[PDB]
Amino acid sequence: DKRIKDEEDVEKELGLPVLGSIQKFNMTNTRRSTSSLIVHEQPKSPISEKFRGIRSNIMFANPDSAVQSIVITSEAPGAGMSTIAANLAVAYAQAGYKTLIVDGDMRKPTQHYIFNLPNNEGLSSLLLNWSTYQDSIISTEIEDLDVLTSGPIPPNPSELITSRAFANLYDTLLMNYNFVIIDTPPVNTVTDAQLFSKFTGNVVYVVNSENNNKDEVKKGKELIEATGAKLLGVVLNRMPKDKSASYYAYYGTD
């Protein structure tokens, strides 16, 4: 079966740059992590080093003006969006950006597990004014990283996104944070990630290398680009362990 796969495939099928490749987490490239927050728990690891790669290429993909927010999305469920988003967030934090990860998936949120946080209040309650700005965002044990978790599952998630309420939040967010990452649901599945892109204008696209359909990843791209926002590039996730390239190797007196 014909999927994408590796950096050449991306080039050929999507005509976009690969910002970085993660490597399906084994015990070598993560220095055995328990949680999937590799950048926090094993910061000198090759996979962590790839995240830093992505961080950089994001700032590089756009000179003249610093990019202060992204949507992370993909064509389909379980591609790694949530995982990419969190590690990337941590990377941003480590470099002294005041960093907000936002859980804009108000349908199957995972940020609150990843960072292991209560989800009584969050984006949804925030936008409905069920909860307050100070109470809804939490500061984590990771310096310079806050999380705005999804909040209760609303009945009308996409409509919450297209509201002055969100427009207003988003404006408030870019005043108070140097970098904003919005985790979203898959773009083929619900329109959510489109509407988030309309605000950010920059999208990072996660393609699950182990499992995808060439044409859907194609329609995801076209759905993002339809909003007019810039697709900064791709992160290939769940890449096979090579790891003869180096690229994947560990570098530092061991």
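Residue indices: 1-based, along the sequence shown.
With 202-210 and 27-35 compared on mean CA B-factor from the PDB entry, the stretch scoring higher is 27-35. As recorded in the PDB entry, 51-59 is the stretch of 187-195 and 51-59 with the greater mean C-alpha temperature factor.
Residue-level inspection of the entry shows that, of 75, 141, 146, 121, 141 has the top Cα B-factor.
The PDB entry assigns residue 150 a C-alpha temperature factor belonging to the lowest third of its chain's modelled residues. Placement of the Cα temperature factor of residue 110 within the chain: lowest third of the modelled residues, per the deposited record. When the modelled residues of the chain are ordered by C-alpha B-factor, residue 94 sits in the lowest third. Sorting the modelled residues of the chain by their CA temperature factor places residue 88 in the lowest third.
Sort the modelled residues of the chain by CA B factor and residue 223 lands in the middle third.
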